[PDB]
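Below sits a lone chain in structure tokens, taken as the form deposited in one PDB entry.
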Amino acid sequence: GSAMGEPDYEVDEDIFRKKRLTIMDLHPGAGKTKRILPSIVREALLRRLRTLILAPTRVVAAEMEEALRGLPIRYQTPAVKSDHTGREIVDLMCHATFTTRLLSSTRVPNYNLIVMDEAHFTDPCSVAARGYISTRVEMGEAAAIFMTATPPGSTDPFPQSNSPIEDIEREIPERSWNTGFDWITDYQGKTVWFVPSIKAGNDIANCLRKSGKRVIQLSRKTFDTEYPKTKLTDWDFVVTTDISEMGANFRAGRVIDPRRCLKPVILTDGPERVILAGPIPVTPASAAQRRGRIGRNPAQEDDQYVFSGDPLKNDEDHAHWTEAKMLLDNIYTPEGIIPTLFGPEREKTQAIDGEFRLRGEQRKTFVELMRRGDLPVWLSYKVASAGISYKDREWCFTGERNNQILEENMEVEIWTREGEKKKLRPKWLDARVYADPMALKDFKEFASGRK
């Protein structure tokens, strides 16, 4: 038994058995991250188990550190700074960090216990990680615990909460607004507002500030200096991307959720390419996670969730299912086994197995294009499997006529390392490297030979 949000003395021996995958399917705010996880970790240390803890984002990682503070844990994330002796048997890192380590030339510890928090995360690295973890369990090499309020197959956008939630459907502005949305600024409590992009977040946040509102902007770019500020009394609005979709304990009163996002889609009609489709409705699991940011305080009973529109459950055309398989086909078990996708996430798209297997230098190039080149999984796969080296940027110019990249209606020119002037016309098109002007600048640096 336990009290005071403190960990339970009693932990089930069942969850530590090899060949055992435990799905902890508990509602938002039940105590997965900050009460259950510490109990498991303390009991893992006593059992002397080589242990891996996985967070989807740095927001979840920071939440974990608060609960795990004092324990001999090795943090492998910029989100947390702590002294490490080097003899820690418990490692903590993000989902994508682990997949990266699995794809790189050196070698993950042989964990016999793996705890993945937010085991529904649809980021391609997270899906591939679940594939690895579930084969390790199947082989009898590890015990694993998957913690999530929205396990695969979740259709309920309004799950159980610690406190009653007032669900309100209203129109929500995507852009700045002069007028017509007084309900946003008339509210007295603290609001968490989910935006599909940092661009949209910028022009919504400066719109709120000119109304004398204290606004914190959260994303991958501002996390470091800004997340400690949410752990304060000095804010009205948190305008956040999906970095805060999971795990966050903002201690707020309201979530504004437009329930929209841009989705990468692989197009198969004609030459294969990636587009950014949408904005389209988010999944029921995303809506449920976002709503899960509030109604967490049993002493605070009038929290609000303001949303717009229905969710869209069908995401089979989302590129993350192909890309997860592109990664997992190149990940190997120490025994030699390529892992298969976690049960519930199989046949989201037409497999077939080992289709994305890369050889020798191609697998290294594949990883290098993602980690050093900052290119998406699909694009990196296409370049690597064509036998192109990481530093060979020819493919950025040899695309068919229709692949010519435009910026402000003008044909993009690249000046190369050697002073050639060439039109940006890549052989493979991925809208993620050209849609946003900031993304395109980075891709222009890549095409130059300067990345």
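Here, rigid core means the biggest group of C-alpha atoms that superpose within 1.5 Å across both forms. Throughout, we count residues from 1 along the sequence that is shown.
Although it is not shown, the form deposited in another entry is what the next lines describe.
Checklist line | 2 Å-or-more CA mover between this form and the one not shown, where superposition uses the core and the choices are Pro376, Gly201, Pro159, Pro284 | finding: Flagged residue: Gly201.
Note to self: My question is whether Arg87 is one of the residues whose C-alpha shifts by 2 Å or more between this form and the one not shown, given a fit on the rigid core.
What the structure shows: Yes; that C-alpha moves by at least 2 Å between this form and the one not shown.
Check: With both forms fit on the core, has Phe356 moved 2 Å or more by CA between this form and the one not shown?
Finding: No, because once the rigid core is superposed, the C-alpha of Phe356 moves less than 2 Å between this form and the one not shown.
Checklist line | C-alpha of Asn297 off by 2 Å or more between this form and the one not shown on rigid core | finding: No, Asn297 moves less than 2 Å.
Check: Are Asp123 and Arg220 closer or farther apart at the Cα level in the other form than shown, by 3 Å or more?
Finding: Note: Cα gap between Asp123 and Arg220 shrinks in the other form.
Margin query: Taking the cut-off of 3 Å or more as given, in which direction does the distance between the C-alpha atoms of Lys221 and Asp123 change in the other form, closer or farther?
Written below: Closer together, which means the C-alphas of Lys221 and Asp123 are at least 3 Å nearer in the other form.
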